[PDB]
Structure formats: structure tokens, C-alpha cells
Amino acid sequence: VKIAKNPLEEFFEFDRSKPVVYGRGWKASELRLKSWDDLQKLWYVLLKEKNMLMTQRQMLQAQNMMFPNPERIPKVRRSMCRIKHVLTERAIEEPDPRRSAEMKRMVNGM
Amino acid sequence: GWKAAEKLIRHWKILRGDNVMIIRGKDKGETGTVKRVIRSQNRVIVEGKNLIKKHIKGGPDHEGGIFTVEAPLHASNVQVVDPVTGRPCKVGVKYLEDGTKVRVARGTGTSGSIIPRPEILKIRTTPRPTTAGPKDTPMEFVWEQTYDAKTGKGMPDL
Amino acid sequence: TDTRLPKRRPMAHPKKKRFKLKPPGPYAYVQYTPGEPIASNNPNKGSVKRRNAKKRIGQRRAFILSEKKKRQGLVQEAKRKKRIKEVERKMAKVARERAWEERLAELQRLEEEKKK
Amino acid sequence: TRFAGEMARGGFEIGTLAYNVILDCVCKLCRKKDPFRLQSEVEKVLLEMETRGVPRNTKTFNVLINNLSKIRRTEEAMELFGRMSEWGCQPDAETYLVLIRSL
Amino acid sequence: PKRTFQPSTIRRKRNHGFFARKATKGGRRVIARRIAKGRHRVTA
Amino acid sequence: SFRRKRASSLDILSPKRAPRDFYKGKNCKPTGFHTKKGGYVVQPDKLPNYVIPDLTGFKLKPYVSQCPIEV
RNA sequence: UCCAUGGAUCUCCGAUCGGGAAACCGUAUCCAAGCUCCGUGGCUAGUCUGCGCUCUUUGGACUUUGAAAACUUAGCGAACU
RNA sequence: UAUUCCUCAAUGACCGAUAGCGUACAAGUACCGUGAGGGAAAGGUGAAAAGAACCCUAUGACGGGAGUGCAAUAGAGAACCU
RNA sequence: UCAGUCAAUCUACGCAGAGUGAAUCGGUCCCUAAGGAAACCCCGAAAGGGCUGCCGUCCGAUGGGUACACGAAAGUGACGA
Ligand SMILES: [K+]
Ligand SMILES: [K+]
Ligand SMILES: [K+]
Ligand SMILES: [K+]
Ligand SMILES: [Mg+2]
Ligand SMILES: [Mg+2]
Ligand SMILES: [Mg+2]
Ligand SMILES: [Mg+2]
Ligand SMILES: [Mg+2]
Ligand SMILES: [Mg+2]
Ligand SMILES: [Mg+2]
Ligand SMILES: [Mg+2]
Ligand SMILES: [Mg+2]
Ligand SMILES: [Mg+2]
Ligand SMILES: [Mg+2]
Ligand SMILES: [Mg+2]
Ligand SMILES: [Mg+2]
Ligand SMILES: [Mg+2]
Ligand SMILES: [Mg+2]
Ligand SMILES: [Mg+2]
Ligand SMILES: [Mg+2]
Ligand SMILES: [Mg+2]
Ligand SMILES: [Mg+2]
Ligand SMILES: [Mg+2]
Ligand SMILES: [Mg+2]
Ligand SMILES: [Mg+2]
């Protein structure tokens, strides 16, 4: 419905109604205005959206149905790539060597 | 049977929205406006010209019948109309006072006038949406600057 | 506040085998009881033998029992269905006899109506 | 914890200084052993404070700010500092000095 | 009747595998000839 | 998405298509060490910790609005 | 979209840190220096000093050369005919 | 002076789909062999897909009409010029 | 449509989607046999061949093992018909 009632329903598009519209991806110049905390929060918002989108594509193709608006997935993917590029830019410009190495480790850690 | 070793036209002197005359083929001697350019085939579509008849079988979604639509014409079969004389003419390249490429009429019997870039090109084919979707960030939230390198606002948790 | 210590990883350096730890020389110094013959082998309470073999014996015993139980269950279920069929056959016998009473009454009384 | 239980079952009530000391001990043990367990343990000790009706003072926020700043969680310390008026507490010099060093 | 090919994966890897070829000079020549011909399967 | 491969790649050994003592693995990161009795001790220092902030109250959304804004 | 230049990211074998059924497994190297944070110990207790790790920087310690057709120079060297 | 794993430009009383490289086409592939190794076949609708709506008879249109096209035995689905 | 010794509606056949859940099962891991290989050393036109030890390393089950690490002049594990 409006809000997901449990963590399972966050894998579903609760906002899908009237054709629903979706905006564009984030630009790097717009992400350069955001703090590290905001960029990490936006990363996890994009991650949950990407998980929901791949879940919807997997559910629909398992029943031989078309996945609508397939361009939503590369929009999220490219926005996440730009977030990591902006954070690595900030890591490179850090004058302290220890802080620069820690920022690079935070960005690239898996 | 696309049997020729035809190279692509790399820089087109024939644009969408241009006023042209067909100078070769079944519809020779007829004028029109370029609806669409098919770059991968070196072909264009002139609105209302070079009509074919398609026998489309109606499925559950579309409708059947025999439909009349435009077929593509080769880009060397059309020619830009001279804006003064009204006759087909070749296109030359002139650099302006600022240094911008413009198209001018070329050939013996032409005025040499500037062939203007069509105004339809600046219009978006997919218009922008009127209402933002439920997952679209409003632009005032996008512009909120929470990072500043000089004063160290928005640093990570090191 | 747990004071227990974590299990530690084994080291990878080579260790000496026990044959090379013995001192060189011709003599072996074996356990000796002064009135008894010298034993060739002196097992103690830790000398456990054939652990894999006993595990295999137990596995084979469990397999034999489980397959026997499966076989018995299948036989019992089929005999249950057979008993149900026997009861249904005995019921269908008396239903058949009563239906023949009805049909013979109908045919002989249709002939009686032909007689009236 | 056992002595606090014994004194509660003996007649004495347990106070704000003792809860501040338990909170500090819990935070230091978490930072030594497993620092990602720190937030649920802090939540449990604080929920034991508002279940027992024992209010927070400046020393509680000082303990929380000092322990969050030593694992470089500065944003949580600043958010906690901004909400000190809602529990009725007021910052002192130790809070300011710890936050300036952390910032 | 019993036929000549009796498959066993470990014997195949020990006789014709990549490191079995790398262990001898003749096997390294087999690999080099093999790549020079352009075979997709360098080793068996 | 379907993607073209070489037919020769079906001859690369996989534990699904091998004798039962062939082990390959899938480049998973180790979480501890093997013991010499055939067990495994998971060490929590080698376990991943995920630092994830709270997302409630956040204003930024996955997409940026495409509505006509200004010249 | 595309182009030019410069960047960020950049899985694995071949292959070289060790093992190996190629594309897999195991791997905080080791040791001097000087620096923020971290923790604990000790004085006569104030800009007091002395012990540590983890990770960061600059070095120096082990060792990793490495492919490639023909041509060249060498070693050994047939038989059919 | 030698050679071509290579690059750039050009030439041919050189070949033109059983020819020319083994390969004009996703070939050192398919296939054969435990392995070293051996090793194919297969080009062409039309200018443009306009690739035959609809009707009739068959289970089913590739059929017979209709229509497209200069031309339909030019009506094909790794294949339709003659 | 192909295949099936069919005129097949069916199928190990074509299209599409789905399915394999482990502290204990079987492996991985530890340990070695036959055997293989490095190192050192010996020998050899080259390539290579030998040697596995008096102090010696790494692999290799068809066998021995199942809730730390280190060490050992302790016992053993340990066996035919
Ligand atoms: K032309
Ligand atoms: K001779
Ligand atoms: K050929
Ligand atoms: K023809
Ligand atoms: Mg990455
Ligand atoms: Mg053409
Ligand atoms: Mg083969
Ligand atoms: Mg690929
Ligand atoms: Mg399998
Ligand atoms: Mg791996
Ligand atoms: Mg390696
Ligand atoms: Mg032919
Ligand atoms: Mg021919
Ligand atoms: Mg040929
Ligand atoms: Mg037809
Ligand atoms: Mg022709
Ligand atoms: Mg058949
Ligand atoms: Mg099937
Ligand atoms: Mg087991
Ligand atoms: Mg041996
Ligand atoms: Mg040997
Ligand atoms: Mg040797
Ligand atoms: Mg080796
Ligand atoms: Mg071993
Ligand atoms: Mg075994
Ligand atoms: Mg035995």
C-alpha cells in the first residue's frame, strides 16, 4: 500500500498505480553538493531501489510477462557509479595520507 | 539484397525539418518536409511522399487492414530547396563572423543565401513530464548543498 | 564479560616425526616387568581401534532397518486396500441381489400388466 | 549488576550515579571487545533507566558523547548534544571540550 | 563386449590435464603447438 | 541476459560434474580456519560488519525530477 | 550519442607468496624511523613522561624476469634416395 | 646483408564459392580420436520488406484468388537472381 | 518441424518457466601407502638422468581420523589365513 508493512514488502513497488513516471539519474555535479552522510544514505536508497527493480524483473519474467520501464535499472546503476566516483574524488584531494587511505578503504570495501 | 558496399554518410547536409524536393524516382519533382532521417541506411523519409501499402494482420493489440505509409528515400534523391529561387540546390559550408558553421546555397544559378537550420530540431520528441513521480526528488532538494570543502562541512566519520 | 578463550589456528611449520626423535643407536628401551616376558606391544586405555569401521557397521545396520521398515509399510498399506476392496465386494453382492429383486419385480409385473 | 540486584532486593534503590557508571562500563567493554554491539547495549541500559524512573543528567550525556567520540562516531555525538535540552540537561565544559576535540 | 574406453575423470586430468602437460618439455611443446593452431581446447 | 560463450567452456571441470572428492569453490571470502579433525572455526574478526545508516526521514529519492524547471 | 586529452574504477588463469585435477584453495612479510586517534601505569600532579597495537607515510631486507614466428650463432645429427 | 611474429600505403594479362587460405557464412568451429593429432560443410528475394490485409478449401496455407512489386515460381525463414 | 523403426494428440523430442536447502550425510581439512616432484648432492654433448637419505621438503586414497594451539627418549594408532 502506501507504506511497506514489513521488510518483505520493501521488495515490491508499493507506489505503482495513469502511467507512473520516473525521473532521471543523479548527476555528478549534483552529488558534489552532498555530504558523506547524505551520499551514503542515497547509496542505500539506490541499493534498495535496485533490489526492488531486479526482484520485479525476476518475478515478471518467471511468469513470462514483460518487465515495464526497463531503463530504471541503468539509471540507478549509473547514479551509484557516480556516487562512488565523487567519494573517490574527495578521497584523492584529502591532504592527510592516513585520512585519504581510510576514505579510499571506506569507499572500496566489500 | 543490400548488395552494394555503401559507406555511411558521416556529416549530413540534409536535416530533419528541411524543405526539400525529390529529384529522383517515382515521386520526382515533388516537394516536402523531412519527417525523419534514417542514418544507418543513408535514407530519409519525406512526409506524405514515396507511399507504400502494408498488409498488416490484426492481432489482439493492433488493427488489421491495408495501410498507406511513407517509405524511405535515399538521401542523394532529395535536394534542399533554395530559399530565394525555390529550386533544388547544393549545400555549401560558410563560416560566420563568430566562427559557426552554416549552410549556404551552392551552384550556378543560386542566390547563395543561408539555408536556415530547422526550428523543429530544438523541440523534444519525448516531452518532459508535467508531474513528478513518487520516486522523483524535487529540484529544490537536489540543490541543497550539505558539503563544503573549505569549512569541512559534511566530512565522513573518520 | 565471558572469560573463555577462542580456539587457536594450527601452525603450518613442519613437526618432527617420532622416529627421528628417538636417539640413534642399536638399543631400544622397552617397558619390562622383571618376572614377565617382554611384550611386543603395550596398549593402554587410549588405544582405540577401528573407529571408521565401526561407523560403517552402524551405518549398514541403520540402512538395513530403514529399508525393512519401508518395505513393511508398503506391504501393510496394500493389504489395507485389499481389505477395503473385500468389504466393498461383500456390500456389492447384497446390493446386486436387492437390485435384481427390484428388476425382476418390474419385468414380471410389466408382464402382469400385459396380463392384467 | 549482581551487586545492584542485591541492593535492590535488600531495600536500597539504585541511582543515577550508579547507572552512569554501568553505562560507562558497558560502553568501555563494548569498545574493547565488539564495538558494533555498542548501540543495542546502550539502548538496553538506557531503557533500564526509563523503566526504573531514573532520569538522565549531564553526566549520562557526557558518558555517551565521550564513548561515541572514541570510535569516531561524531555525527551521533552531535545529534545527542543537540537533543540534550529535551531531557532537561545542560552541557558543561567537559561536553564542549570532548566535542571540540572530536570535531 | 568390454570396450577400450572406460572413463575416469581423475585419470584424464592426470594424463592429459593442463599441469600434466606443463610438467614435461614434450607437453609444453604440445601446448605451444596447440595454441599456434588456434584450438579452443588447449588441454584435455 | 543470454550471452554467447565458447562450446569448449563446457569441458572445464566443475564439482557438479566431477567425482565426489573434487572441490573447487566460488571465491567466497574465508570466515575462519580448518581444523585438523575436519571441522571449521569461524573467527568473528574475519566476519563482515555493515555500517548502514537509518533511512527514515531522508528526503533524497532514487530519481531526480524531470519536470520543466526554468530556462 | 560521438571525438581529443587527462583521470576514477579496474574479477581470474596463464604466473612469479605457498599448494594445485589451469581459471581454485591458503595467505595482517619483516624491520628501523615519526605522527593524529586508541588503552593502561605511575609521580612530589602539571602544556608531566613511559609502555603498547592498527593503520598511515618514507626507506631498506628476502626474491619475481617472462614468454614471442622467421632470421643469427652454436651443440648433436639421420634415413629414404 | 638476412628475415617478417607486425604497421601503413599501393599493385596485379592473380582466384572468383568443388576456385582462392582449411575458413567470403561466428572455423581450427562442428565432427572423429584416450591422446598427440586429424578436420569439414555452408555465399546471392527485391531498388526498397513494400515479406502477401481479406476470402475460399484443408487439422494446419506453403494451395487457389485478391493485393504489393518492373517482375511472385522474385513468396524465403542460414534461404526465394539465372 | 526434427527424433522415436508410426499417419502419434504422447515422449529421455521443440519452446518457455521452475526445481537440488546440512555443525552431524558425502567431500573440504589433518595423516600417511604405492607412487610423483622440488631442494641439496652425484652424473651427463644439449635436452636431461639419478638421489628422498646420515639432519630434510611438498604432493598423492583405494586406507587411518571428528569440538583449541605448542612440545615429547611416555604408551600407542597397528592390522594374516
Ligand atoms: K541519387
Ligand atoms: K645409404
Ligand atoms: K575447403
Ligand atoms: K526472377
Ligand atoms: Mg569495487
Ligand atoms: Mg543499396
Ligand atoms: Mg576429445
Ligand atoms: Mg565473454
Ligand atoms: Mg551433480
Ligand atoms: Mg578465489
Ligand atoms: Mg599462484
Ligand atoms: Mg557450393
Ligand atoms: Mg556459382
Ligand atoms: Mg573453399
Ligand atoms: Mg502467405
Ligand atoms: Mg538482379
Ligand atoms: Mg516422427
Ligand atoms: Mg522436453
Ligand atoms: Mg562429514
Ligand atoms: Mg612414498
Ligand atoms: Mg623421483
Ligand atoms: Mg632433476
Ligand atoms: Mg610442487
Ligand atoms: Mg600431505
Ligand atoms: Mg578415501
Ligand atoms: Mg587395517
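Computation of the quantities below employed the complete heavy-atom set of this structure, encompassing side-chain atoms and omitting hydrogens, waters and symmetry-equivalent molecules. Throughout, protein chains are lettered first and strands after them, A, B, ... in sequence-line order, and every chain is numbered starting at 1.
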Open item on the list: If I take atom CG in residue C/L5 and atom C1' in nucleotide I/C68, what distance separates them, rounded to the nearest angstrom?
Closed with: 10 Å
Open item on the list: Say we look at G/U40 and G/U49: how far apart would their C1' atoms be, to the nearest angstrom?
Closed with: 14 Å
Task: Minimum-distance nucleotide to E/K37 side chain [options: H/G39, I/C55, H/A36] - done: H/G39
TODO: Using whole Å, report how far CG of D/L68 lies from P of G/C38.
DONE: 14 Å
- [ ] Tell me what F/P30 touches on the nucleic acid: a base, only sugar-phosphate, or nothing, going by heavy atoms under 4.0 Å.
- [x] sugar-phosphate
Task: Interatomic distance, A/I92 CD1 vs G/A8 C1' [rounded to whole Å] - done: 6 Å
- [ ] Looking at every strand, decide which applies to A/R99 at a 4.0 Å heavy-atom threshold: base, sugar-phosphate, or nothing.
- [x] nothing
Task: Closest to the F/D21 side chain, choosing from H/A50, I/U62, I/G48 - done: I/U62
- [ ] Round to the nearest Å and state the distance from B/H62 atom NE2 to H/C54 atom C1'.
- [x] 14 Å
- [ ] Classify the side chain of F/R20 and the base of I/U28 as holding, or not holding, a donor-acceptor pair under 3.5 Å.
- [x] no
Open item on the list: Measuring from the side chain of C/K17 (C-beta onward, heavy atoms only), which nucleotide among I/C31, G/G14, G/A21 has the closest atom?
Closed with: I/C31
Open item on the list: With a 3.5 Å limit on both atom pairs, tell me what G/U29 is paired to, counting Watson-Crick and G-U wobble, or say none.
Closed with: G/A61
- [ ] Assign F/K46 to base, sugar-phosphate, or nothing according to its heavy-atom contacts below 4.0 angstrom with the strands shown.
- [x] sugar-phosphate
Task: Rounded distance (Å) that lies between atom P of H/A17 and atom NZ of B/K3 - done: 14 Å
Open item on the list: Of the listed nucleotides (G/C25, I/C25, G/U40), which one gets closest to any side-chain atom of D/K32?
Closed with: G/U40
- [ ] Could you pick out which residue, F/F33 or E/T9, lies toward the 5' side of RNA chain G when each is mapped onto its nearest nucleotide?
- [x] E/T9
TODO: Give the rounded distance in Å between these two atoms: CZ of C/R51 and P of I/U76.
DONE: 15 Å
Open item on the list: Working note: D/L103 + D/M78, criterion side-chain contact (heavy atoms from CB on, under 4.5 Å); need CA distance, chi angles, decisive distance, verdict.
Closed with: CA-CA 9 Å; D/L103 287 161; D/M78 286 295 289; 4.0 Å; yes
Open item on the list: Taking any heavy-atom pair under 4.0 Å as a contact, classify E/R21: base, sugar-phosphate, or nothing.
Closed with: sugar-phosphate
Task: Quiz item: cation-pi between E/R14 and E/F19, 6.0 Å / 45° - done: no
Task: Basic-acidic side-chain contact under 4.0 Å: A/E102, D/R72 - done: no
Open item on the list: So, with the rule that both contacts fall under 3.5 Å, do H/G46 and H/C21 count as a Watson-Crick or wobble pair?
Closed with: no
Task: For atom CE of A/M65 and atom P of I/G17, their distance in whole Å - done: 13 Å
Open item on the list: Of the options H/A36, G/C37, I/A18, whose atoms approach the side-chain atoms of D/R101 most closely?
Closed with: G/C37
Open item on the list: Roughly how many Å apart are H/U45 and H/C70, using the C1' atom of each and rounding to a whole number?
Closed with: 15 Å
TODO: Tell me which nucleotide among G/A8, I/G75, H/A36 gets nearest to the side chain of A/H85.
DONE: G/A8
TODO: Check every strand shown and say whether B/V69 touches a base, only sugar-phosphate, or nothing at a heavy-atom separation below 4.0 Å.
DONE: nothing
Task: F/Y23 or C/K7, whichever maps to the more 5' nucleotide of RNA chain I - done: F/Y23
TODO: Could you tell me whether C/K55 contacts a base, only the sugar-phosphate backbone, or nothing, with contacts defined as non-hydrogen atoms closer than 4.0 Å?
DONE: sugar-phosphate
TODO: Taking the purine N1 to pyrimidine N3 distance and the second Watson-Crick contact, or the two G-U wobble contacts, each under 3.5 Å, tell whether G/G50 pairs with G/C3.
DONE: no
Task: Sugar half of pseudorotation for H/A79 [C1'-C2'-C3'-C4' sign: + north, - south] - done: south
Open item on the list: Counting the atoms with a prime plus P, OP1 and OP2 as sugar-phosphate, which does C/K15 contact under 4.0 Å by heavy atoms, base, sugar-phosphate, or nothing?
Closed with: sugar-phosphate
Open item on the list: Applying a 4.0 Å non-hydrogen cut-off, can you work out what F/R6 is touching in the nucleic acid: base, sugar-phosphate, or nothing?
Closed with: nothing
Open item on the list: Any salt bridge linking B/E47 with B/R36? Criterion: basic side-chain nitrogen under 4.0 Å from a carboxylate oxygen.
Closed with: no
- [ ] Give a yes or no on whether the neighbouring nucleotides I/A18 and I/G17 have stacked bases (ring centres less than 5.5 Å apart, plane angle less than 30°).
- [x] yes
Open item on the list: Using atom P in both nucleotides, what's the gap between H/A27 and H/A42 to the nearest angstrom?
Closed with: 14 Å
- [ ] Have a look at C/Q59 and say if it touches a base, only the backbone sugar-phosphate, or nothing, with a 4.0 Å heavy-atom cut-off.
- [x] sugar-phosphate
Task: Distance, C1' atom - from I/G64 to I/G44, rounded to whole angstrom - done: 43 Å
Open item on the list: Need to verify one output field. Residue with the more 5' nearest nucleotide on RNA chain G, D/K70 or E/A20?
Closed with: E/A20
- [ ] Give a yes/no on whether any side-chain N or O of B/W2 is located under 4.0 angstrom from OP1 or OP2 of H/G44.
- [x] no
Task: B/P72 versus B/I38, closest heavy-atom pair with distance - done: CG-CD1, 3.7 Å
Open item on the list: Return whichever of C/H13 or F/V41 has its heavy-atom-nearest nucleotide of RNA chain I closer to the 5' end.
Closed with: F/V41
Open item on the list: Is it the case that the base of G/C35 and the side chain of A/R98 share a donor-acceptor contact (distance under 3.5 Å, atom types as modelled)?
Closed with: yes
- [ ] For A/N64, report the nucleic acid contact type (base, sugar-phosphate, nothing); a contact means any heavy atom under 4.0 Å.
- [x] sugar-phosphate
- [ ] Would you indicate what B/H74 reaches in the nucleic acid, counting non-hydrogen atoms under 4.0 angstrom: base, sugar-phosphate, or nothing?
- [x] nothing
TODO: Kindly indicate whether I/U66 forms a Watson-Crick or G-U wobble pair with I/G56, where both distances must fall under 3.5 Å.
DONE: no
- [ ] Please confirm whether any donor atom in the side chain of E/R39 sits under 3.5 Å from an acceptor in the base of H/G38, or the reverse.
- [x] yes
Open item on the list: Could you tell me how far I/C43 sits from I/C59 if I compare only their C1' atoms? Round to whole Å.
Closed with: 26 Å
Open item on the list: Whether H/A52 and H/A53 stack: are their six-membered ring centres under 5.5 Å apart and their planes inclined by less than 30°?
Closed with: no
TODO: Look at all strands and tell whether C/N44 reaches a base, only sugar-phosphate, or nothing, counting heavy atoms closer than 4.0 Å.
DONE: base
TODO: Check every strand shown and say whether B/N50 touches a base, only sugar-phosphate, or nothing at a heavy-atom separation below 4.0 Å.
DONE: nothing
Open item on the list: From the set H/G28, I/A78, I/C68, return the single nucleotide nearest to any side-chain atom of C/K49.
Closed with: I/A78
Open item on the list: Please tell me whether G/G6 and G/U49 form a Watson-Crick or G-U wobble pair, using a cut-off of 3.5 Å on both distances.
Closed with: no
Open item on the list: Heavy atoms from C-beta onward define the side chain here; which of I/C70, H/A30, H/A50 lies closest to that of B/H55?
Closed with: H/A50
Open item on the list: Tell me if I/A61 and its neighbour I/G60 stack, counting it only when ring centres are under 5.5 Å and the plane angle is under 30°.
Closed with: no
Task: Stacking status of neighbours G/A22 and G/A23 at 5.5 Å and 30° - done: yes
Open item on the list: Is it the case that G/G26 (base atoms only) and C/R9 (side chain only) share a donor and an acceptor within less than 3.5 Å, ignoring hydrogens and angles?
Closed with: no
TODO: Please tell me which of the listed nucleotides, I/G71, I/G64, H/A48, lies nearest to the side chain of B/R43?
DONE: H/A48
- [ ] Give a single yes or no on stacking for I/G19 with I/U20, with the cut-offs at 5.5 Å between ring centres and 30° between planes.
- [x] no
TODO: Select base, sugar-phosphate, or nothing to describe what B/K26 touches, counting heavy atoms under 4.0 Å on all strands.
DONE: nothing
Task: Selected nucleotide, minimal atom distance to E/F18 side chain, candidates G/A22, I/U76, H/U34 - done: G/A22
Open item on the list: Just the rounded figure in Å: distance from P of I/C30 to NZ of F/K36.
Closed with: 10 Å
- [ ] Please confirm whether the backbone N or O of B/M21 pairs with a side-chain atom of B/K28, one donor and one acceptor, at under 3.5 Å?
- [x] no
